[PDB]
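Q: Quick one: the structure is below, questions incoming.
Number of protein chains: 4
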Amino acid sequence: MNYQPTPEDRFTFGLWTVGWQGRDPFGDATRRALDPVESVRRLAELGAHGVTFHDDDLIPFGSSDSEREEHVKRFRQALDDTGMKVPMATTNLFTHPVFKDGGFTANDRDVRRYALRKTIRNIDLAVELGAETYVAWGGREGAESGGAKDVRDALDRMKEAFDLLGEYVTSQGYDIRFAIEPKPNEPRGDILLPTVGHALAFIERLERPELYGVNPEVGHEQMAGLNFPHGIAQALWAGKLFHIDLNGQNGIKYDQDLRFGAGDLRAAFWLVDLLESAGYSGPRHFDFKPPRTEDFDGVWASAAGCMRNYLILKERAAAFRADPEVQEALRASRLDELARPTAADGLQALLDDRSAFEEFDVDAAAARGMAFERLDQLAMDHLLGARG
Amino acid sequence: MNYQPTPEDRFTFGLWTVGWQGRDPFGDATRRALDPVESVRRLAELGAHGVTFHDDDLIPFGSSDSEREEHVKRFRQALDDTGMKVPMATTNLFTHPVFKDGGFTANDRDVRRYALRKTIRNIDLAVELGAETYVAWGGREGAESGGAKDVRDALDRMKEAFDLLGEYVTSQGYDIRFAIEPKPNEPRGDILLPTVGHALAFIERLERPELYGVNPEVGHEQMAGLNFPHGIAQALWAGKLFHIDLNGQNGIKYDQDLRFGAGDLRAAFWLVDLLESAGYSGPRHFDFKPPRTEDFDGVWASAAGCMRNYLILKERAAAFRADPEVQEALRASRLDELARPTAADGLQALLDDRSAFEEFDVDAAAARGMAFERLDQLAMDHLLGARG
Amino acid sequence: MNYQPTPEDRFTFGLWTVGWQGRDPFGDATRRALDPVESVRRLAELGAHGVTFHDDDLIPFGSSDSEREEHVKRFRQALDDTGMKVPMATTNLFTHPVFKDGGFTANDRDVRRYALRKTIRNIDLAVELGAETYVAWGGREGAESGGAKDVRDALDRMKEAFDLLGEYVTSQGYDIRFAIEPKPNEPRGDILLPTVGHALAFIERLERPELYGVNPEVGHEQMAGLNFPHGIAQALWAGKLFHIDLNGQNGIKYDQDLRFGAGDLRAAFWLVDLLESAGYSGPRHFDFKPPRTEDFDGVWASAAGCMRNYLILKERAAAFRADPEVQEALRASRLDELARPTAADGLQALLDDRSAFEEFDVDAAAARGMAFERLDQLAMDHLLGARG
Amino acid sequence: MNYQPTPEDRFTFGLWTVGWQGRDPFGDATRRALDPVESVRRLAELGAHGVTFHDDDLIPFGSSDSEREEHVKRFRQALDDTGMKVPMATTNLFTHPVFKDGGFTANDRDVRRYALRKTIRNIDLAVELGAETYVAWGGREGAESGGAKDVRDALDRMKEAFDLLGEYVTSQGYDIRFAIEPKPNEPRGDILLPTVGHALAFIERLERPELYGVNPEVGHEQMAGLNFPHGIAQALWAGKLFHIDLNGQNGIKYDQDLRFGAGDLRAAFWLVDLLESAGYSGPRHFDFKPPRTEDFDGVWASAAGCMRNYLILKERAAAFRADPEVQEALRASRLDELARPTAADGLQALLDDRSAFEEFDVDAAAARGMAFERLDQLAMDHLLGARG
Ligand SMILES: OC[C@@]1(O)OC[C@H](O)[C@@H]1O
Ligand SMILES: OC[C@@]1(O)OC[C@H](O)[C@@H]1O
Ligand SMILES: OC[C@@]1(O)OC[C@H](O)[C@@H]1O
Ligand SMILES: OC[C@@]1(O)OC[C@H](O)[C@@H]1O
């Protein structure tokens, strides 16, 4: 009867989300800066379980070692005061002008070494605060023109960078894993590892692949027109969904970062159905921006709506899967047969089975309808609460 | 002075390309059927090196074992008469109604076993004709609605199918490799393994990954808005570019299959630059459709233009790379530094190098321009033959 | 409690929708042909109010004047037997090979005159059957390459064609209006008048603009990434929404023609909200294709779902607009002020009003939040039936 | 032999283009601010004919009437010193936070009146500096959510605003025309009047339509996947191409504003062919951003490349149109017949012409190939300078 989140639902938010001041490529900030302590207190009141940060969200760029310890202490006290956790952290390798051609794959070698040292410094801080996952979004790794970047050499440099970070955490004995966040474009014309598939493929060429997974974001795969629940299914199949970023996006255009549930609502439904069915147990993290039309009351309304929409879709997807009429429709569409092996009898038995070829009635099999439209209308009725 | 192809340039064409009759989702065929023998003779006259086929392009669906041997004999004689080769073949698992929900990942198990037997039958034929690469385009593997396909079970079935094909070729002792061709959508609403990245990631979960690579197509990655030369660089980096399909596409829309060089011309330039620099030695295969506005004279003009445009872009990309002014611009943009290791001194030396962090002048590094616009204008002048 | 359509809800379907046999650019038909009489009877049973047709759906291309009258008589009897109406008709100027470069803007002049005579013949038939609206979808008017079509001359030819059709209906005294249906691409690489805006602009250059409006289709504007409710608002503002085609589309890709409510569900909600608020009184027509995975039971399930989803969204949008909490939120976001004139006092009073510039406090106005996220979450809760 | 621009080629640049400091939604400025006087001097040296400005590029927001006259005087002296002209100006109604929900269609009425007074103030300045065209880009007119903006009321407000500006210029006796610049999205989720077609249609509902035309931008129509030369042909057909913005864009994604010739090169070729054939006589204006990777040497290289690429494509398009082989191909594809009226004999003669229907041989007409692929390959060879 109530869709109230509790810290048990594992909802987490980046400091940079509710703290986004509203600067966009065509306009100035519409909101004042939020102190991270205040964000932690407000998020805790709304039912969130934790927060995440980039190094530069928490410690302003340039800070002295003492200003640093000052910023971390106040933050740690807010966490102690509220019971909030820090499950993930990441590095900002995109805002400062030095990173204009990238951090790990910048053409200048000195910038690449600086990017690695800035990252390692924040991994130590993240472990101290108890984060389990370290995200890497290579927002400036890419190009606007074809001759500017030899991509084979850049992938060599990207591999070199992640291999060194894995050597570092293993040498330190840290129990933290890495999660690469793909994005196809923006702010570079084309970004390297642009989709979940490219990131999963890259990981298999790292020296210690078991330390790396993906942190897919709803809106980013949708900027390439792709089906986000399908890509998450492939990540889960691979054993590599270490974290996830939830938000909304209306199609192929600039990265909108709308609140979760906005954008493609049916994709949100099928995503929640998959995460809850698959038993995904990581944080439900929102990487969203409250629109710059909003004042601070609207920021908190937008953040609350992220959690509300997850909990309504969870309820609808659970009602869908529990409906006996839906279970019968699933059998009518042969989802049960999809889960059976094609040829557990083995290759030789397949080759010798005349019912598989010589005496297969293809015209009868072809005439069988798949009954998918009835099934999808049951899913629609459940999403809209119209059953029925 | 002449851009004349020769069989030494390794240009190949599918039978289904020049033989496309012009049927589209809104209209009837505009051209009569071409006998494959006639296509081989005409392509050989134009300078092509070989042809490829789906089983059903060569042997009409349903054929008796004797009609079959008849079709193959006439084909083989045309190949002997012209010196044409058959470097690749593939299976049609998409046209017949029985495949309406897929071949390898159809929900019905009997259809999946039939799809495997139809494939194995054509692998034997392909080896007999000397093909080295067997392509698989899973055009019907996918869905229009979210409940119709559990994607983890479908990937299990896809893996099962490719693992069985690998067992078959290894048991037979055949020296043929497989190449998976991705496509993001069309004819299904979403197709499984939608991009080169998803296909490369999937391959690493097969039992014998070394037998499988990718067959990327220009237009398919562009249907997801992605940079095709970048994806080919990732395929080459992985050692998995076993074959390639060349054509043109104007952006994100239905699969156009225009002749190579049409569509995104600068991407075609950077693709040729990469393939020729990387020493790609496989066939240059065109998967294109002469527009249905054309008669048979226009079909052959369109096919010739595919080869012509490759050879002009090859010449322009070679002139670009050989230009001393371009080599100096490449150094000015630090492409030479991109190819150097970031930290061949190792992790501990990086950690101890104060020039990498404590005493790194970030403001000086940030002020350095990358000079990429001058470089790209040199590439433009070379493409347009305007140097200059 | 029930979402049962009745003929009073004005739902209409094209013969070609439920009768689509399932042929797509990569596969053969999966369903047998439906006799139009049978479609009329089945649709009437499901609660539809009427059907629409292209000339060639009803009378096979080539028919003799006697076979023609035979086909029309049986059709008319089915309409009499069921109470079904025919509110719209249209011409097929896209399937036959003669139309491969267009009907009204074909480069060959003889084909353009033939296209006009084929159209005029069907306008007479449409009036006889009582249609009020004649739709024109110029699916083959366009090009795959830049030199093939001079677009200024083609627009002259398009204007010439519609001007002649208007002269014909006015001379005959027919009370029928024309509705142009835009589409951005497919089957041509680019189609002329690709969006609702281009079609409305073109109409204003016709000799008798009052006889012409638009027939926008959900999926077509979404193939250009555009907001369909916004474009319909512009069509309504102009007084030109003469008819509408309802269906679903998942983003920028081939024309899917899914059932209404599939695709972008929130856009469907805002569309129904607008049509019902604006008092649109024309037919609610579905231009959709039941997926080729389906047998005939699935065709009728898909058609019923079109009507069901309209009626559920109508109920949710009406509950949204009637909710006092939503009416207060609308005032909080100043929708009431949007409807007031900016300067009904006139230009001189605006120029003399120092509160509009010299003494306007821009910092105070800037700080006012628009409260749009709270409003949108109320709209989401109403759509999901989660209030709340 | 040289592609040197001269002020006679009418190339113009906005102050905000070469002066863009490099701030993007994910990063800080990489370049220092340019004094507009310095931009005018540098552009004049490169061969430009003039500059354009938004009010806030020239006079910083908030300026006192005296600081204002100071900024304008220095600017005017730079123009006198260099011979540079100011053919266009525009208003910034998008950067300041007060415009976060729009200027002319903001929900708050006080902001709409302020937007009008800010605009009128700059129209006076523009006339003083001799501009002939006043551009309006409604970058903040739009919405991220469906309930935030009733689009019919917003179009009423947009019409009200432009009608008042037309009353103002006519009352003042100014000889200046307005040009509306469409864009489909960014920075709002959807922007009103998103394409050239929507803008042309809107203009026909203004009180004095002859004072308004369009200022289309290459990259903006390409953000909707549309064919930019086609839309410009429709604008020219309507008599409404008052100005144009040239730049490059790689497909459907964020607004890149690359230099002209980058992005879709063949579209750039067909655009130049059309503008030069049609005798477009307005400024060739570049709205581009030098990438933030560049230092000031790269800014000027990028600006020069805009002009260079126009002049090379002009030469190639002129060589194409002058080639006798191309003129014969144009006749072979019946472009000459496209330009002839379909039915100058009139409606009754068409109806009575049995060669148009009863005795039209449709099978013979259908078999005629259009020869478009040969023509397009001639256009490709001319673009690449490969003739041939
Ligand atoms: O940096 C990690 C991330 O998820 O946080 C915001 C940034 O844009 C990226 O999407
Ligand atoms: O089947 C292999 C392939 O490359 O050939 C044509 C088909 O559409 C696919 O693109
Ligand atoms: O011809 C009118 C129309 O609405 O019916 C189907 C066709 O594709 C078009 O969309
Ligand atoms: O404001 C007019 C314009 O052309 O200049 C830049 C702005 O983004 C817009 O594109």
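Chains as they are written, first to last, in the authors' numbering: chain A, 1 to 388; chain B, 1 to 388; chain C, 1 to 388; chain D, 1 to 388.
Idealized CB from N, CA, C, for every residue including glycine.
#1: Residues of chain C with a CB under 9 Å from the CB of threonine 95/D: which are they?
#2: For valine 98/C, report the span of its alpha helix (DSSP H) as first-last.
#3: Could you tell me which chain B residues have their CB closer than 8 Å to the CB of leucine 226/A, listed as they occur along the chain?
#4: Are the C-beta of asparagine 309/A and some C-beta of chain C separated by less than 9 Å?
#5: With a Cβ-Cβ cutoff of 9 Å, do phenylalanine 104/C and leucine 116/C count as a contact?
#6: Taking 8 Å as the threshold, find out whether the segment 319 to 334 of chain D comes into contact with the segment 51 to 69 of chain C through three or more Cβ pairs.
#7: Check whether chain A comes within 9 Å of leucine 258/D, counting only Cβ atoms and requiring the distance to be less than that.
#8: Mind checking whether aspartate 273/D and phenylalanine 228/D have CB atoms under 9 Å apart?
#9: Give the straight-line distance between the Cα atoms of residue 389/A and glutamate 294/D, rounded to the nearest whole angstrom.
#10: Quick check: is the beta carbon of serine 145/B nearer than 9 Å to any beta carbon in chain C?
#11: Hey, would you say the C-beta of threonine 195/D is under 8 Å away from at least one heavy atom of ligand 4?
#12: Would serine 39/A pass as a contact of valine 18/A if the rule is Cβ separation under 9 Å?
#13: Does any heavy atom of ligand 1 sit closer than 8 Å to the C-beta of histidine 220/A?
#14: Consider the C-beta atom of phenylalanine 104/B and the heavy atoms of ligand 2; say whether any pair is separated by less than 8 Å.
#15: Straight-line CA distance for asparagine 185/A to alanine 339/C?
#16: Would you kindly report the start and end of the unbroken alpha helix (DSSP H) that includes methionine 307/D?
#17: Measure from the C-beta of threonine 105/A to each C-beta in chain B and report whether the shortest distance is under 9 Å.
#18: Return the first residue and the last residue of the beta strand (DSSP E) that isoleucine 180/A is part of.
#19: For the segment 178 to 196 of chain A against the segment 139 to 147 of chain A, are there 3 or more C-beta pairs whose distance is under 8 Å?
#20: Could you have a look at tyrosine 280/D and say whether DSSP puts it in helix, strand or coil?
#21: Chain B partners of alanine 154/A, CB-CB under 9 Å?
#22: Using 8 Å as the Cβ pair cut-off and three pairs as the minimum, do the segment 162 to 170 of chain A and the segment 199 to 208 of chain B touch?
#23: Since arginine 292/D meets chain A, which of its residues come closer than 7 Å, beta carbon to beta carbon?
#24: Per DSSP, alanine 262/A forms a beta bridge with which residues?
#25: Taking 8 Å as the cut-off, is the C-beta of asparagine 185/C nearer than that to any heavy atom in ligand 3?
#26: Cβ atoms of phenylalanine 296/C and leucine 246/C: under 9 Å apart, would you say?
#27: Should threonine 6/B be labelled buried (16 or more other beta-carbon atoms within 10 Å of its own) or exposed?
#28: Would the beta-carbon of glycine 142/B be found less than 8 Å away from any heavy atom of ligand 2?
#29: Compute the minimum distance between the beta carbon of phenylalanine 13/A and the heavy atoms of ligand 2, and state whether it is under 8 Å.
#30: CA-CA distance, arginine 354/D and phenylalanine 360/D?
#31: Any chance you could list the beta strand (DSSP E) runs of at least 3 consecutive residues sitting entirely within the segment 211 to 252 of chain D, in chain order?
#32: Taking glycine 22/C and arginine 331/C to be in contact with their CB atoms under 8 Å, please state how far apart those CB atoms are, rounded to whole angstroms.
#33: Buried or exposed for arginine 32/D, please, with buried defined as at least 16 other CB atoms from any protein chain shown within 10 angstroms of its CB.
#34: So with Cβ pairs under 9 Å, would you call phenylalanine 178/C a contact of chain D?
#35: So which residues on chain D does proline 341/C lean against when the C-beta distance must stay under 7 Å?
#36: Are the Cβ atoms of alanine 301/D and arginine 374/B separated by less than 9 Å?
A: A quick look at the data gives this:
#1: By one-based count along the fourth sequence, residue 95/D stands at place 95. By Cβ distance, chain C contributes nothing, its closest Cβ being about 11 Å from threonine 95/D, past 9 Å.
#2: Locating residue 98/C in the third sequence gives position 98, counting from the first residue. Run containing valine 98/C: none; DSSP gives neither H nor E here.
#3: The sequence position of residue 226/A within the first sequence is 226, counting from 1. What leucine 226/A touches in chain B: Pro184, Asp190, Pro194, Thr195, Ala224.
#4: Position 309 of the first sequence, counted from the first residue, corresponds to residue 309/A. Chain C, which has a Cβ nearer than 9 Å to the Cβ of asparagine 309/A, makes this yes.
#5: Position 104 of the third sequence, counting from 1, holds the residue named residue 104/C. Position 116 of the third sequence, counting from 1, holds the residue named residue 116/C. Yes.
#6: no
#7: Numbered from 1 along the fourth sequence, position 258 holds the residue referred to as residue 258/D. Closer than 9 Å to the CB of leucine 258/D there is at least one CB belonging to chain A.
#8: Your numbering for residue 273/D matches position 273 in the fourth sequence. Your numbering for residue 228/D matches position 228 in the fourth sequence. No, the Cβ-Cβ distance between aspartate 273/D and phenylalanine 228/D is not below 9 Å.
#9: The requested residue 389/A is not part of the displayed model; chain A covers only 1 to 388.
#10: Taking the first residue of the second sequence as position 1, residue 145/B is located at position 145. Yes - at least one Cβ of chain C is within 9 Å of the one on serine 145/B.
#11: Taking the first residue of the fourth sequence as position 1, residue 195/D is located at position 195. Distances taken from the Cβ of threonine 195/D to the heavy atoms of ligand 4 include none shorter than 8 Å.
#12: By one-based count along the first sequence, residue 39/A stands at place 39. By one-based count along the first sequence, residue 18/A stands at place 18. Against a cut-off of 9 Å, the Cβ pair of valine 18/A and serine 39/A comes out as a contact.
#13: Working through the first sequence from its first residue, we reach residue 220/A at position 220. Within the cutoff, so yes.
#14: Here residue 104/B refers to the residue found at position 104 when the second sequence is read from its first residue. The answer is no for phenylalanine 104/B.
#15: Looking up residue 185/A in the first sequence gives position 185. Looking up residue 339/C in the third sequence gives position 339. Counting only the Cα atoms, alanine 339/C lies some 39 Å from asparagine 185/A.
#16: Taking the fourth sequence and counting its residues from 1, one reaches residue 307/D at position 307. Looking at the DSSP string, the run of the alpha helix (DSSP H) that includes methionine 307/D is 296 to 322.
#17: Locating residue 105/A in the first sequence gives position 105, where the first residue counts as 1. Closer than 9 Å to some Cβ of chain B, the Cβ of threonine 105/A qualifies, so yes.
#18: As a first step, residue 180/A must be located in the first sequence, where it is residue number 180. Secondary structure note for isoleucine 180/A: its beta strand (DSSP E) is the uninterrupted segment 177 to 180.
#19: yes
#20: For the purposes of this step, residue 280/D is taken as residue 280 along the fourth sequence, with counting starting at 1. Coil, per DSSP.
#21: Position 154 of the first sequence, counted from the first residue, corresponds to residue 154/A. Within chain B, the residues near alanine 154/A are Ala233, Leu338.
#22: no
#23: Your numbering for residue 292/D matches position 292 in the fourth sequence. By Cβ distance, chain A contributes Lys100.
#24: For this step, residue 262/A is matched to residue 262 along the first sequence. Paired residues: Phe260/A.
#25: Walking along the third sequence from the start, residue 185/C turns up at place 185. Checking the Cβ of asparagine 185/C against ligand 3 gives no.
#26: For the purposes of this step, residue 246/C is taken as the residue at position 246 of the third sequence. For the purposes of this step, residue 296/C is taken as the residue at position 296 of the third sequence. No, the pair does not count as a contact, with Cβ atoms beyond the cut-off.
#27: In the second sequence, residue 6/B corresponds to position 6, counting from 1. Answer is exposed; the Cβ neighbour count stays below 16.
#28: Taking the first residue of the second sequence as position 1, residue 142/B is located at position 142. No, the beta carbon of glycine 142/B sits no closer than 8 Å to any heavy atom of ligand 2.
#29: Working through the first sequence from its first residue, we reach residue 13/A at position 13. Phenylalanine 13/A: no, Cβ never under 8 Å from ligand 2.
#30: On the fourth sequence, residue 354/D is found 354 positions in, with the first residue counted as 1. On the fourth sequence, residue 360/D is found 360 positions in, with the first residue counted as 1. In a straight line, the C-alpha of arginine 354/D is about 7 Å away from that of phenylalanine 360/D.
#31: 212 to 214
#32: As a working mapping, residue 22/C is identified with position 22 in the third sequence. As a working mapping, residue 331/C is identified with position 331 in the third sequence. With a Cβ gap of about 51 Å, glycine 22/C and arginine 331/C do not count as contacting.
#33: Counting from 1 along the fourth sequence, the entry for residue 32/D is found at position 32. So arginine 32/D ends up on the exposed side.
#34: Counted from its first residue, the third sequence places residue 178/C at position 178. It does not; no Cβ of chain D falls within 9 Å.
#35: Along the third sequence, one-based indexing puts residue 341/C at 341. Per Cβ cutoff of 7 Å: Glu160.
#36: Counting from one through the fourth sequence, the residue named residue 301/D turns up at place 301. Counting from one through the second sequence, the residue named residue 374/B turns up at place 374. Yes, Cβ-Cβ distance for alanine 301/D and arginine 374/B is below 9 Å.
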